[PDB]
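Step one of this worksheet: look at the structure below.
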Amino acid sequence: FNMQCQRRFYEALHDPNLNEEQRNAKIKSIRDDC
């Protein structure tokens, strides 16, 4: 967990292109990795 993870979360949240499921999976991936 650092600046990259923060920015990745912020981006993933604010990503209209993705739906709920995709977005939550993205958040989960960041959180798992970091």
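Every chain in the structure tokens has a letter given in the order shown (A, B, ...), and although residue numbers restart at 1 in each chain, ligands are simply numbered from 1 in the order shown.
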Alpha helix (DSSP H) call set, DSSP backbone run, chain A, as a PyMOL selection string = chain A and resi 3-13+20-33
Might you pull out every residue within 12 Å of residue 2 in chain A, with only C-alpha atoms counted and same-chain residues fewer than 6 positions away left off, and present them as an MDAnalysis selection string?
-> chainID A and resid 8:9 30:31 33:34
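Every protein, DNA or RNA residue with an atom at most 12 Å from residue 14 in chain A, where only C-alpha atoms count and chain neighbours fewer than 5 positions away do not, is listed here: residues 7, 8, 9, 19, 20, 23, 24, 26 and 27 of chain A.
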